[PDB]
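Q: Following this message is one structure expressed as structure tokens.
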Amino acid sequence: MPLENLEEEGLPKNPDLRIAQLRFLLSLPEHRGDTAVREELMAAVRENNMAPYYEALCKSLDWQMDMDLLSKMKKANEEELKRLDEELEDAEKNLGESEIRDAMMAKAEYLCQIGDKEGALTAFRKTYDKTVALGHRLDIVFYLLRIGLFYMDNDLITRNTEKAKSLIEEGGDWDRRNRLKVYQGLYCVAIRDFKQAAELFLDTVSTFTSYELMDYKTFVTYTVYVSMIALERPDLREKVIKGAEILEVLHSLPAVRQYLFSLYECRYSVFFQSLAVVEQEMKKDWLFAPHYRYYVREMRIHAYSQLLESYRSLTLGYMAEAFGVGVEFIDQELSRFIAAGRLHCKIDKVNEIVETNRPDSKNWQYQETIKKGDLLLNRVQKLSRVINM
Amino acid sequence: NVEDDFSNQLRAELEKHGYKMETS
Amino acid sequence: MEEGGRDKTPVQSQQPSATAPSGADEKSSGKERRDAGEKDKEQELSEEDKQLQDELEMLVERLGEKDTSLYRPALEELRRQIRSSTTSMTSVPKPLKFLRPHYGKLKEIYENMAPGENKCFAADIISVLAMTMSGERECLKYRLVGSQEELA
Amino acid sequence: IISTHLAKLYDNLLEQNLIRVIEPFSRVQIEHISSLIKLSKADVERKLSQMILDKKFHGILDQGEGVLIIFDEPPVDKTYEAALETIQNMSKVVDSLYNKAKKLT
Amino acid sequence: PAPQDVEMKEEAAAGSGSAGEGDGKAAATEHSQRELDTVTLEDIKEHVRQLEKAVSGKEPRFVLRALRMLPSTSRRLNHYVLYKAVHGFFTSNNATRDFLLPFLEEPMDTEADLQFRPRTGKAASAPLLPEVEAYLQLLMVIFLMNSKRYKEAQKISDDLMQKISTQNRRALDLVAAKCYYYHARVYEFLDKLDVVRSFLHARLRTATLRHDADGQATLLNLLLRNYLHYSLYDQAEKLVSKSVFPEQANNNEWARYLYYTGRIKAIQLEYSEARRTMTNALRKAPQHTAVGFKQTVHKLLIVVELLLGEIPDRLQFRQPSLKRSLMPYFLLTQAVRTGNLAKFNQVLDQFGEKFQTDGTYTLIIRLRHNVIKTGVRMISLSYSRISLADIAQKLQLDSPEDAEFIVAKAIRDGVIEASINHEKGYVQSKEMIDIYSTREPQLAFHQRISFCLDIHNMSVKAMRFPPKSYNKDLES
Amino acid sequence: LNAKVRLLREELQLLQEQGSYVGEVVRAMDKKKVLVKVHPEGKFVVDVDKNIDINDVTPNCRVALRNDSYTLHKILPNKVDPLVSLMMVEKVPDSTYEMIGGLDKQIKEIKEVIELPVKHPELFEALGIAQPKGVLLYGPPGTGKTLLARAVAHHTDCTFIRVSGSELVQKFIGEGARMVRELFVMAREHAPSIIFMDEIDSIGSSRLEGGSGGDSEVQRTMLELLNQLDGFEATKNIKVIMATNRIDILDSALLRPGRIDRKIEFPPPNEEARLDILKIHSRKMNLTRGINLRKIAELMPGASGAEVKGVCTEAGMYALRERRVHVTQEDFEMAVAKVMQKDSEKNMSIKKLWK
Amino acid sequence: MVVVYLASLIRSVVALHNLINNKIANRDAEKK
Amino acid sequence: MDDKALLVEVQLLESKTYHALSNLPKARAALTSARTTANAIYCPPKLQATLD
Amino acid sequence: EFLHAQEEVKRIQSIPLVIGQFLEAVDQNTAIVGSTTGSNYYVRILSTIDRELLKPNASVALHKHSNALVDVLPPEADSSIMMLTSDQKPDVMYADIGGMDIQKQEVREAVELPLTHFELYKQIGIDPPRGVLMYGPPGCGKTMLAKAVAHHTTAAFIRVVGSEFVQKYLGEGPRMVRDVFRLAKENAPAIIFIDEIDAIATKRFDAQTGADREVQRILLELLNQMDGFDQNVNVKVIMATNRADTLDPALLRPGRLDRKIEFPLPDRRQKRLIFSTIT
């Protein structure tokens, strides 16, 4: 459910339409009692303004904190503090297992709200430790994970998702599995591995019905953006376009649906202006990516690939119009992209052929073998050197 | 070093809308 | 059972008494052997003395929770002790009284538990104590003859 | 329900009919195949274009010359593939090999 | 008191050294002697025992506390590292030495096999006498290089370590061989005008007559490092070529040789080879002894890689965590990539002094060819036929005509490989779109097969040598 | 390489030697020879080997034989027995008193009876007169007699060897009716053991009413040796667990005093039991969506326990069809229905247009 | 190769130790 | 414990929606429950036709 | 010399050979086996070839000249020809019949899927499917469904009748009951099918009738097999009967056989499918 908060963060990250989301972002810490925490979440947003608060500036677009946001925070910590103490007292009276862990979570929330991040993490470990069912242990990891995802600090997210996945078969906490599927996909977007996200998301929709987690419909929409970015058309074709998920929702999909339709129609002018549209509505609406530069390279390389894959020759004009990006730009990107060999092409600009060496040929299979092969020799030498003396 | 692609993001979206008309 | 965490008296017990006999009596194992033998220090022997009345009471609850699994893990080591070997012979006023309940613990293991091993371990502790104690020992046997609960 | 059914019927028809015309390989012209297949010029170009990507005939379409080339059988890929497989397994191993080695120096 | 706590560890130090000598003396056990002697023993002797616990006044307590002057002088040798005739030539914190109270412990264990009673010191003739003497010096040199002692102490090392030895043996020459190299690094660091090279050359003649594999390998690598400092190019070029530099050498030896060979090759316009050895060198070099030279390899290498036309990553700068020191080189990386000369010339002169220390400055000036080369290289490879006019607008070259000569020269060098057709005026890529018709996939595989076979032959011989050495010497 | 060459060469000559069998030394004779009873062939009296002798091999011990000379080789603790074949299918026992049962009373009542005589049989002998005789587990299939028997085995620390009430179960060297003695010898050796004597007494109708009968005849003797030979009268380390479905419906041999001293009654399921048993199974199989275990327990109790096991398993099968990897509520509830109606259809037959 | 070397390193400790044990035994004798 | 002819009809209509997306698994599971109560007619002609 | 020596053993590994069944290992060196020649043997296991995948239960071959265990046979070898479905096989499939499509999917789900795939059932976490009891009207091709899935697996099928379970030498009959089930485990994936239990699953038996004694044992052993099978990957007994009143109502009941399937006696649609084949 708190997945909305991540959508607020994301849109300002690329500096375009930031203005409205900045305000909406600010409102969430009042409720929570998160004043201090906000500065930390602000960090994730980076490459745009997020600095102004009641305790800071009021000059830039990002929204000022209320006098009320501050006061609510004072209330919340007092109240949290009161709950923690109260919860322990009740624990002495009755069962040890359930009651005590609930108490430690109160302590972690209290430290997490004032801003003592280190303090919150030692407390959170305590929670995990205490003897209760595995099912109950999972419930406690999901809150910290969401919080972790917000800051986009990598370490926190790794730990939680990884243990959470183990427990499912062993406990038999299949019921928890539903929240978890969505949670695995969040992790998967969060590292610079959009590849994983594309396979992960598609699975997530079919196995999900409901058990205390964000709507079904929201995921499907999100599935399309990951699916396209990572996957090439034959994989994409089977999975989403023939598959159930995208069709059932129908509405609220047009940016993404326009992409799939255009790609089917195979008129590349139409696909490229929809690339841009799905980049602005969907892709920038995610905070996710520990280096944004990787996200941009993958969307351009994918679209490029489709155009080049279909044709061994194109005239330069058809290719250049289809992209809609500059001579300077096309060239500038192309030099980086070719090295990888996902494109594997070259531009005969003076006769006007866009030739493709073919990423399905002998030239390709060689490029990979050699590239891996040479580096392996250097490695045998480093191992060999240690062993003799 | 740092990828020129990032700087390219803002510039590439806008280019697309104009370019298609400008050149065939 | 030589623990200063309470099993014996480094200070006056009352908490483990009720609790321990049901599952397998842990309290009396360390109390009779370990405390007597390590400290024959007389101020420490007085705590045990105060404890002594409690010690008598332990026999009726112990007969309530009889059952072969409950009884077998509880005592193997009391059986083994010798008074002259803890050298608790060398203080007569307070150890002599500690022997009065100590016997009452042993008798259940000796016959009721039928195997050959329990009898033989049990013999060595009764004899040494009986000869040294004599006159008071005759009274001690009579108390047992009657039985705290009149069972088997 | 009807639309979906009709659509599945459409993708299959399109693939069956193509195989017969294409079959000689080499550089068959988009136009000669078009006539035989029982299609229009505009429609065939588009159908072929979708198909290369899908690899539903394993050819390449050349829009610069205006011919459809179908990929002929090439010499062995096998040689490269066995090398590729051997080198990847050795890379996993190297990572394990170094750690124990640390003990020496 | 203070020397009592570290006393436990001095007996430990003595255990490992005494054995090492023992081994050497019985025939050729050579392989086992060099692994023990270098990084392994040294990382422990200095760091764990002296620094960590505190008390560096246990080093001249270790090589003297009997009062041995030795039959050929080495009394001075021991003084200069630590405790010159006063409290500490660096760190004292010793209440017993041989100038504070003689004796408190015996690391000497009453037997000539590191040290022994004063009876040896004033005169002996034993066959145990050369063995202890060579050894004596290894123990001392261990603190010298780590702590970076300087001054007169540095100057007088050479005298004692060689020209007291001109007769050795294979066992003894190996030990001495290691001692000379450590002193040589300490010498290099001060940037003294007093000739480092002269001693190292004199030491070489002794190395060669015993015909000890070890002596040649150690001296030669250092002799190149000395040569770079003075900046006398011709002698180093010849010296590198002569070095066969054995396959069975310590890890620090391997990293340092490749590194020198790379510096030499880079100016030469053999940068493809220089960059591979230099990248390798950084990885291969340790965490402890290597640190002075190590720094220098990462700084130089960034310039050297550019010389090939490699574009070095940001991860390279961040990951060892040296990014600050590397910051100027980072600027050159940007300048090379863009293709415009004005930024490259400006940086070269301004950081000029800083570069000269590291020995980069001669390599920095070579990048002017490279500024343009690296930018034309990305553009020629990526595309097929592109105009000289495209190359010039993007790269910020003067003229298409200017860009045309520049590409011509590069294809002659053959690190961009192309043929230019100045008809219409494009630069054309070489490409066959099938390499199966050519031998190249086979040739690539075949090269690996030779390289692989070399590992098998190297491994069969190496494997038995240490257990064999242990058998004769007797193992518990 | 020398060694490898040698191994094959020696292997070739050593092996060529014809024959090599197995026997059992039933007994030894004053001629310092031993009688070997070769199991499907003639009996042979042979001299002791230098590898093993009369001191080394005690009576009614299985042995290896070498050559056509039927000389001793090694001692074998094993014997071909139908018990061996029954173990293969049995595999590894499972379950505990709690899963099956659910109520704290059920677990206490089984536990005291069974466990304590294995721990110390000497005590029991003293306690009454003689050692406690067979015990009887009976109940509805909502305690499941064979399954309970597997749950008991972990606690008691015995090797569960299930023993057929049949003694036509051997045809190894002859019928079991004939070779009652072998079953006994193996049983002893792999002590402690639980011999689960399963005779449900819903086999036979006239056999139950009467005292005579072939099945009755053979069964009676196998029991009588247990007393005569002793080791179920000197000891009870090996527990004879009889199983029947009712207090009284027993065959005359099983029923009579002196091979009985205990009969135990367990209830059929209740909501409270069904909760426990369903929970434990649910977690193993696949737990349902949002938990509705409570709902199903409240609504109605299981006919047997088997029925609750069946509901969890059946649920998992439907979810696969769906393209899921886990059950939902929709599957879990459907499973309940499908197992119970089918039971009620098979069991009832007064319902034709009645209730 | 690498496996035999890790073992070879362990053999080294025993083998060094032997030369030192002899030393310690020679010294105990000369000191009485 | 309940199936009825009218309950099946909801499931028949759900299968139809699933067929149109191009997904057989969830539909196949649902088909089973629906045909079983159907076997013995107990329904007006409209239900029968939907099940068919 | 090693190459010359290996030659010599190969010859022995090959014929002449005499078959047995290998029960169990008492040593890696030597093991205990039973022959078809009427001798139980202690035979040596050949060295410089594996003796550690020798150890499980399987058919085995012993050399005639040397009296040793030189090599192993599959568990497939030495099957009876007395037995059904090892000189027959079914050729039917789902397409070949029309109706009872609902019933066909249930049988298929239970029998066909675990054999082919052990992994799917594991991931979900449930115990693989138990056997299916088939009872219904005569001639609706209830058994036909059992044929169609059996054919699809491409694995061994052991098919026995009730009559084959009971004796062949008097009192052989209970022993035979143990044999059939274990034999299927050695050559698993496999299916065990019982056409008839018309006098075996009936509660009523005597012992005053000598004949009844073997039969009353076959029923008791069949109850047991179901217990031992559970909490493992062994699928239960798949059986065919005429009615639902021959079997016991309180010794066999659901969740010991997952699916107990009745075939519709009224079924309008099933008949529509029979006519449509003609169409």
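If you're wondering about the labels, chains in the structure tokens are A, B, ... by order shown, residues count from 1 in each chain, ligands from 1 in order shown.
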Distance cut-off 9 Å, counting only C-alpha atoms - which residues of chain A neighbour chain G? Return them as a list in words.
A: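 So the contacting residues turn out to be residues 383, 384, 386, 387, 388 and 389 of chain A.
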Q: Could you list, as a PyMOL selection string, the residues of chain F having an atom within 12 Å of chain H when counting only C-alpha atoms?
A: chain F and resi 296+299-300+315+317-324+330-342+344
Q: Just C-alpha atoms for this one: save the residues we selected as a compact mmCIF listing (two decimals), in the first residue's frame.
A:
# COMPACT_ATOMS: atom_id res chain seq x y z
CA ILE F 296 -13.86 -24.65 8.25
CA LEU F 299 -18.56 -25.19 10.47
CA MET F 300 -18.23 -28.95 10.82
CA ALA F 315 -6.51 -27.65 -2.54
CA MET F 317 -3.89 -29.54 -6.95
CA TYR F 318 -6.57 -27.02 -7.99
CA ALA F 319 -4.18 -24.06 -7.58
CA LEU F 320 -1.73 -25.58 -10.18
CA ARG F 321 -4.50 -25.71 -12.76
CA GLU F 322 -5.10 -22.01 -12.21
CA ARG F 323 -1.44 -21.22 -13.02
CA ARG F 324 -0.71 -20.49 -9.46
CA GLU F 330 -11.34 -20.11 -3.46
CA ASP F 331 -9.39 -23.54 -3.74
CA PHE F 332 -9.27 -24.24 -0.06
CA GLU F 333 -13.02 -24.11 0.40
CA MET F 334 -13.65 -26.16 -2.74
CA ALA F 335 -11.44 -28.89 -1.39
CA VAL F 336 -13.39 -29.26 1.79
CA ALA F 337 -16.56 -29.78 -0.10
CA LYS F 338 -15.27 -32.41 -2.53
CA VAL F 339 -13.68 -34.75 0.08
CA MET F 340 -16.72 -34.68 2.50
CA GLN F 341 -19.67 -35.14 0.10
CA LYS F 342 -17.94 -38.08 -1.54
CA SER F 344 -21.08 -39.05 2.90
Q: Could you pull out the alpha helix (DSSP H) residues of stretch 6-64 of chain C from DSSP and send them as a ChimeraX atom specification?
A: /C:16-19,27-30,36-38,42-50,52-64
Q: For the structure I just gave you, how does DSSP split stretch 5-190 of chain I - specifically, which residues are strand (DSSP E or B)? Reply as a ChimeraX atom specification.
A: /I:17-25,30-35,40-45,58-63,69,71-72,84,132-135,156-160,190
Q: Near stretch 274-277 of chain A, counting only C-alpha atoms, which residues have an atom at most 6 Å away, once you skip same-chain residues fewer than 3 positions from it, shown as an mmCIF file with N, CA, C and O atoms, in the first residue's frame?
A:
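The result, written out as result39.cif:
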data_model
loop_
_atom_site.group_PDB
_atom_site.id
_atom_site.type_symbol
_atom_site.label_atom_id
_atom_site.label_comp_id
_atom_site.auth_asym_id
_atom_site.auth_seq_id
_atom_site.Cartn_x
_atom_site.Cartn_y
_atom_site.Cartn_z
ATOM 1 N N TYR A 259 2.583 2.267 -27.138
ATOM 2 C CA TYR A 259 3.873 1.730 -27.437
ATOM 3 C C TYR A 259 3.759 0.363 -28.120
ATOM 4 O O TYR A 259 4.415 0.066 -29.113
ATOM 5 N N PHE A 271 6.277 4.663 -33.056
ATOM 6 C CA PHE A 271 6.862 4.072 -31.882
ATOM 7 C C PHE A 271 7.769 4.976 -31.024
ATOM 8 O O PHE A 271 7.584 4.975 -29.758
ATOM 9 N N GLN A 280 8.082 9.975 -20.054
ATOM 10 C CA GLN A 280 7.575 11.058 -19.229
ATOM 11 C C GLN A 280 6.505 10.649 -18.223
ATOM 12 O O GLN A 280 6.648 11.052 -17.095
ATOM 13 N N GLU B 13 13.703 13.775 -25.842
ATOM 14 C CA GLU B 13 12.253 13.772 -25.865
ATOM 15 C C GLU B 13 11.619 14.816 -26.688
ATOM 16 O O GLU B 13 10.699 14.534 -27.466
#
Q: I want to know what sits within 7 Å of stretch 125-138 of chain F, based on only C-alpha atoms, with residues of the same chain fewer than 3 positions away left out; could you give that as an MDAnalysis selection string?
A: (chainID C and resid 114) or (chainID F and resid 121:122 145 233:235 240:247 258:265)
Q: Produce a file of the selected residues containing N, CA and C atoms, as a PDB file, in the first residue's frame.
A:
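Saved file selection.pdb follows:
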ATOM      1  N   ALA C 114      13.013 -51.098  40.156  1.00  0.00           N
ATOM      2  CA  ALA C 114      13.464 -52.469  40.163  1.00  0.00           C
ATOM      3  C   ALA C 114      14.790 -52.901  39.672  1.00  0.00           C
TER       4      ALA C 114
ATOM      5  N   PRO F 121      11.531 -52.333  31.512  1.00  0.00           N
ATOM      6  CA  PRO F 121      10.627 -53.416  31.697  1.00  0.00           C
ATOM      7  C   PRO F 121      10.704 -54.079  33.023  1.00  0.00           C
ATOM      8  N   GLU F 122      11.865 -53.981  33.707  1.00  0.00           N
ATOM      9  CA  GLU F 122      12.178 -54.673  34.962  1.00  0.00           C
ATOM     10  C   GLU F 122      11.198 -54.159  36.050  1.00  0.00           C
ATOM     11  N   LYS F 145      -5.205 -46.253  13.289  1.00  0.00           N
ATOM     12  CA  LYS F 145      -4.402 -47.162  14.111  1.00  0.00           C
ATOM     13  C   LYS F 145      -3.021 -47.300  13.557  1.00  0.00           C
ATOM     14  N   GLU F 233       8.116 -61.721  27.939  1.00  0.00           N
ATOM     15  CA  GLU F 233       7.773 -61.974  29.341  1.00  0.00           C
ATOM     16  C   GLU F 233       8.958 -61.744  30.311  1.00  0.00           C
ATOM     17  N   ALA F 234      10.248 -61.641  29.766  1.00  0.00           N
ATOM     18  CA  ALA F 234      11.379 -61.169  30.622  1.00  0.00           C
ATOM     19  C   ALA F 234      11.541 -59.746  30.368  1.00  0.00           C
ATOM     20  N   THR F 235      11.073 -59.248  29.191  1.00  0.00           N
ATOM     21  CA  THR F 235      11.305 -57.903  28.727  1.00  0.00           C
ATOM     22  C   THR F 235      10.106 -57.541  27.913  1.00  0.00           C
ATOM     23  N   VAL F 240       4.459 -55.264  21.635  1.00  0.00           N
ATOM     24  CA  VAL F 240       3.498 -55.854  20.707  1.00  0.00           C
ATOM     25  C   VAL F 240       2.314 -54.951  20.771  1.00  0.00           C
ATOM     26  N   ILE F 241       2.107 -54.222  19.679  1.00  0.00           N
ATOM     27  CA  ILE F 241       0.981 -53.316  19.475  1.00  0.00           C
ATOM     28  C   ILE F 241       0.068 -54.005  18.600  1.00  0.00           C
ATOM     29  N   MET F 242      -1.146 -54.405  19.126  1.00  0.00           N
ATOM     30  CA  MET F 242      -2.280 -54.981  18.353  1.00  0.00           C
ATOM     31  C   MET F 242      -3.126 -53.813  17.996  1.00  0.00           C
ATOM     32  N   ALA F 243      -3.808 -53.989  16.838  1.00  0.00           N
ATOM     33  CA  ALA F 243      -4.721 -52.919  16.389  1.00  0.00           C
ATOM     34  C   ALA F 243      -5.894 -53.633  15.932  1.00  0.00           C
ATOM     35  N   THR F 244      -7.105 -53.045  16.331  1.00  0.00           N
ATOM     36  CA  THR F 244      -8.469 -53.487  15.965  1.00  0.00           C
ATOM     37  C   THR F 244      -9.267 -52.236  15.865  1.00  0.00           C
ATOM     38  N   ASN F 245     -10.455 -52.292  15.173  1.00  0.00           N
ATOM     39  CA  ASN F 245     -11.254 -51.043  15.201  1.00  0.00           C
ATOM     40  C   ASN F 245     -12.272 -50.889  16.359  1.00  0.00           C
ATOM     41  N   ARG F 246     -12.502 -51.855  17.282  1.00  0.00           N
ATOM     42  CA  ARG F 246     -13.562 -51.680  18.282  1.00  0.00           C
ATOM     43  C   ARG F 246     -12.972 -52.354  19.482  1.00  0.00           C
ATOM     44  N   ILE F 247     -13.582 -52.127  20.655  1.00  0.00           N
ATOM     45  CA  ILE F 247     -13.260 -52.727  21.898  1.00  0.00           C
ATOM     46  C   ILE F 247     -13.378 -54.248  21.845  1.00  0.00           C
ATOM     47  N   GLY F 258      -4.262 -62.582  28.983  1.00  0.00           N
ATOM     48  CA  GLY F 258      -2.954 -63.123  28.882  1.00  0.00           C
ATOM     49  C   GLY F 258      -2.246 -62.993  27.643  1.00  0.00           C
ATOM     50  N   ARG F 259      -2.864 -62.285  26.658  1.00  0.00           N
ATOM     51  CA  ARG F 259      -2.148 -61.685  25.562  1.00  0.00           C
ATOM     52  C   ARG F 259      -2.783 -60.292  25.385  1.00  0.00           C
ATOM     53  N   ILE F 260      -3.549 -59.835  26.434  1.00  0.00           N
ATOM     54  CA  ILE F 260      -4.106 -58.506  26.496  1.00  0.00           C
ATOM     55  C   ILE F 260      -3.902 -58.010  27.936  1.00  0.00           C
ATOM     56  N   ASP F 261      -3.713 -56.651  28.074  1.00  0.00           N
ATOM     57  CA  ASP F 261      -3.884 -56.078  29.408  1.00  0.00           C
ATOM     58  C   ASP F 261      -4.396 -54.692  29.340  1.00  0.00           C
ATOM     59  N   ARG F 262      -4.569 -54.068  28.121  1.00  0.00           N
ATOM     60  CA  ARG F 262      -4.873 -52.669  27.805  1.00  0.00           C
ATOM     61  C   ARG F 262      -5.743 -52.577  26.563  1.00  0.00           C
ATOM     62  N   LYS F 263      -6.717 -51.675  26.646  1.00  0.00           N
ATOM     63  CA  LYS F 263      -7.483 -51.256  25.541  1.00  0.00           C
ATOM     64  C   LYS F 263      -7.718 -49.789  25.521  1.00  0.00           C
ATOM     65  N   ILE F 264      -7.456 -49.067  24.414  1.00  0.00           N
ATOM     66  CA  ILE F 264      -7.510 -47.628  24.460  1.00  0.00           C
ATOM     67  C   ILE F 264      -8.491 -47.094  23.452  1.00  0.00           C
ATOM     68  N   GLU F 265      -9.277 -46.138  23.953  1.00  0.00           N
ATOM     69  CA  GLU F 265     -10.413 -45.544  23.222  1.00  0.00           C
ATOM     70  C   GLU F 265      -9.990 -44.085  22.957  1.00  0.00           C
TER      71      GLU F 265
END
Q: Just the residues within 10 Å of residue A:245, please, counting only C-alpha atoms, with nothing from its chain fewer than 5 positions along; format it as a list in words.
A: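 These residues fall inside the cut-off: residues 202, 203, 204, 205, 206, 216, 217, 219, 220, 221, 223, 224, 239, 240 and 250 of chain A; 21, 22 and 23 of chain H.
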Q: Output as a list in words the set of chain D residues within 10 Å of chain H, with distances taken over only C-alpha atoms.
A: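 Taking only C-alpha atoms into account, residues 1, 2, 3, 4, 5 and 8 of chain D sit within 10 Å of chain H.
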Q: Keeping N, CA and C atoms, export the residues of the selection given above as a CSV table (one decimal), in the first residue's frame.
A:
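Saved file out.csv follows:
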chain,number,residue,atom,x,y,z
D,1,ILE,N,-14.7,-12.2,-27.4
D,1,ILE,CA,-14.3,-13.6,-27.6
D,1,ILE,C,-14.2,-13.9,-29.0
D,2,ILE,N,-15.1,-13.3,-29.8
D,2,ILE,CA,-15.0,-13.5,-31.2
D,2,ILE,C,-13.8,-12.8,-31.8
D,3,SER,N,-13.4,-11.6,-31.3
D,3,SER,CA,-12.3,-10.9,-31.8
D,3,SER,C,-11.0,-11.5,-31.6
D,4,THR,N,-10.7,-12.2,-30.5
D,4,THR,CA,-9.6,-12.8,-30.1
D,4,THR,C,-9.3,-14.0,-30.9
D,5,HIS,N,-10.4,-14.9,-31.2
D,5,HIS,CA,-10.5,-16.0,-32.0
D,5,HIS,C,-10.2,-15.8,-33.4
D,8,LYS,N,-6.3,-14.9,-33.7
D,8,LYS,CA,-5.4,-16.1,-33.6
D,8,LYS,C,-5.4,-16.8,-34.9
Q: Within 8 Å of chain B, which residues of chain E show up? Give each one with its shortest atom-to-atom distance in Å (one decimal) and the two atoms involved, counting only C-alpha atoms, rows by chain then rising residue number, as CSV.
A:
residue,atom,partner,partner_atom,distance
E:311,CA,B:1,CA,7.5
E:312,CA,B:1,CA,6.4
E:313,CA,B:1,CA,4.4
E:314,CA,B:1,CA,4.5
E:315,CA,B:1,CA,7.9
E:334,CA,B:1,CA,7.9
Q: Could the residues in this selection be saved with N, CA, C and O atoms as a PDB file, in the first residue's frame?
A:
ATOM      1  N   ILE E 311      39.365   4.725 -22.562  1.00  0.00           N
ATOM      2  CA  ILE E 311      38.665   5.843 -21.934  1.00  0.00           C
ATOM      3  C   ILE E 311      38.405   5.313 -20.517  1.00  0.00           C
ATOM      4  O   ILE E 311      37.507   4.484 -20.350  1.00  0.00           O
ATOM      5  N   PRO E 312      39.212   5.620 -19.522  1.00  0.00           N
ATOM      6  CA  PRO E 312      39.033   5.040 -18.212  1.00  0.00           C
ATOM      7  C   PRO E 312      37.860   5.513 -17.368  1.00  0.00           C
ATOM      8  O   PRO E 312      37.524   6.664 -17.238  1.00  0.00           O
ATOM      9  N   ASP E 313      37.181   4.563 -16.728  1.00  0.00           N
ATOM     10  CA  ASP E 313      35.995   4.701 -15.966  1.00  0.00           C
ATOM     11  C   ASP E 313      36.160   5.412 -14.694  1.00  0.00           C
ATOM     12  O   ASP E 313      37.238   5.451 -14.131  1.00  0.00           O
ATOM     13  N   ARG E 314      35.034   5.898 -14.177  1.00  0.00           N
ATOM     14  CA  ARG E 314      34.900   6.574 -12.908  1.00  0.00           C
ATOM     15  C   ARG E 314      35.096   5.596 -11.737  1.00  0.00           C
ATOM     16  O   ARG E 314      35.687   6.001 -10.719  1.00  0.00           O
ATOM     17  N   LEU E 315      34.701   4.251 -11.970  1.00  0.00           N
ATOM     18  CA  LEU E 315      34.773   3.232 -10.967  1.00  0.00           C
ATOM     19  C   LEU E 315      36.164   3.007 -10.583  1.00  0.00           C
ATOM     20  O   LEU E 315      36.443   2.741  -9.411  1.00  0.00           O
ATOM     21  N   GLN E 334      39.030  13.324 -19.358  1.00  0.00           N
ATOM     22  CA  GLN E 334      37.945  14.090 -20.001  1.00  0.00           C
ATOM     23  C   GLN E 334      38.449  14.715 -21.228  1.00  0.00           C
ATOM     24  O   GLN E 334      37.825  14.682 -22.268  1.00  0.00           O
TER      25      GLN E 334
END
